[PDB]
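Structure, as structure tokens:
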Amino acid sequence: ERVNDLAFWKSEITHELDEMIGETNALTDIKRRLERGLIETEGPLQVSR
Amino acid sequence: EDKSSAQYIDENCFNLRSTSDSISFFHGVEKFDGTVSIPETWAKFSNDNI
Amino acid sequence: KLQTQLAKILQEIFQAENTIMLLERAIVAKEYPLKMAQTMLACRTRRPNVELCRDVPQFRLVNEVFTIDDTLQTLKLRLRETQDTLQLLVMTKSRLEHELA
Amino acid sequence: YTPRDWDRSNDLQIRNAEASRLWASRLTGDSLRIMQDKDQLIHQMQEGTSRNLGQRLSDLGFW
């Protein structure tokens, strides 16, 4: 029974560990996309300036 | 001898697992009902013999 | 606005497709324990005379067969639903493309 | 022919797209949750299987 309880927490840990990785990449993508808008904004700033 | 045969058969069924390949799809084993006695009756049977 | 919404539709279309693929991978994984239970029940039929009995292992094996049957049915329903959602999402992408044109 | 109703039409199309997208995302979340639940349930039930077969074999050996 201890193995089976050990197995249960292993499967629960595995699923949440799966989702956390799924969130880091989605947050990483929004980081690069957010950073890329800054580089473009120097464009119309130059035209306005 | 009867109990030895049953013990060997049940030991084999316990020994086989999801990894084993001697498996097959046996549909309808739920709907089939072949039973002669309950475990309490079987225990009483052995007790009376003893 | 139509451009940005078309992009979001693209995100959800693949999320539906990936859900479909992982779920079909899950059903075949669920298939095997049912035939394991059926082989075990065949061995229960092999039991001789008095030792053939309505014991707790046999009863809960029948219950196991029933439960895996139920989980297969529910998983197949979810497959069909997510397929329908994917088709609708492709249709929305089509409408947004037409409006953009 | 509908000078400002055109804006209402474009608004309608956009909000239809948004609602469909939100429903789709909810459905993906529910699908993942039900998959995890079923996997865990089947494993718990099979280990119960193994324990009950072991108990029956023990009783047979005793008799």
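Readers should treat all values here as calculations from the given coordinates under stated rules, not as data from a laboratory. Counting neighbours? That spans all protein chains shown, and the Cβs are built from the backbone with ideal geometry, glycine included.
Summary table
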read-out: Sites B:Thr19 and D:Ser25, calculated FRET efficiency, Cβ-Cβ separation with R0 35 Å, nearest 0.05; value: 0.40
read-out: Mean Cβ count within 10 Å, highest first, over the residues of peptides C:38-45, D:1-8; value: C:38-45, D:1-8
read-out: Links that overshoot a 19 Å alpha carbon limit, given the list C:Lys8/C:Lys76; C:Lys1/C:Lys93; A:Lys31/C:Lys8; B:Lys31/C:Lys35; C:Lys30/C:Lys76; value: C:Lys8/C:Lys76
read-out: Residues B:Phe32 and B:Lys3, FRET efficiency given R0 of 30 Å [Cβ-Cβ distance, rounded to 0.05]; value: 0.80
read-out: Exposure rule at most 14 other beta-carbon atoms within 10 Å, DSSP loop chymotrypsin sites (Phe, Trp or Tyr not before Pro): chain B longest free segment; value: B:1-24
read-out: Calculated over chain B: convex hull of Cα atoms, volume per residue (Å³); value: 112
read-out: Chain C: angle of helix C:56-100 to the longest principal axis, Cα-based, in degrees nearest 10; value: 10
read-out: Volume per residue of the C-alpha convex hull in chain C, rounded to whole Å³; value: 78
read-out: Electrostatic dipole magnitude of chain C [Cβ: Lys, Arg +1; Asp, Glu -1; Cα centre; debye, to 20]; value: 240
read-out: GluC sites (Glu not before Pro) within chain A, DSSP loop, no more than 13 other Cβ atoms inside 10 Å; value: A:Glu1
read-out: Within straight-line cross-link reach of B:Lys44, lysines at Cα separation under 24 Å, skipping those fewer than 8 residues along the same chain; value: B:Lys3
read-out: Tilt relative to chain A, helix A:2-48 - C-alpha long axis, 0 to 90 degrees, to 10; value: 0
read-out: Fully extended contour minus Cα-Cα distance, from C:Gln11 to C:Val56, at 0.36 nm per residue; value: 11.2 nm
read-out: Loop sites in chain B: GluC sites (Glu not before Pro), DSSP, at most 15 other Cβ within 10 Å; value: B:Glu1
read-out: Radius of gyration and maximum dimension Dmax of chain D, Cα, Å; value: 27.8, 94
read-out: Pairwise FRET efficiency - A:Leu34 versus C:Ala101, Cβ, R0 = 30 Å, nearest 0.05; value: 0.50
read-out: Relative contact order %, the stretch C:26-101, counting alpha carbon pairs below 8 Å whose residues are six or more apart; value: 38
read-out: Nearest-ten-degree value, helix C:2-45 long axis tilted from longest Cα axis of chain C; value: 10
read-out: In Å, descending, principal axis extents of the Cα set of the protein assembly as shown; value: 106, 42, 28
read-out: Cβ-isolated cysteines (cut-off 4.7 Å), the protein assembly as shown; value: C:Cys53
read-out: Inter-chain shielding of C:84-96 (mean C-beta neighbours from other protein chains, 10 Å cut-off); value: 2
read-out: Kirkwood Rh, angstrom, chain A [1 / mean 1/r, Cα pairs]; value: 14.2
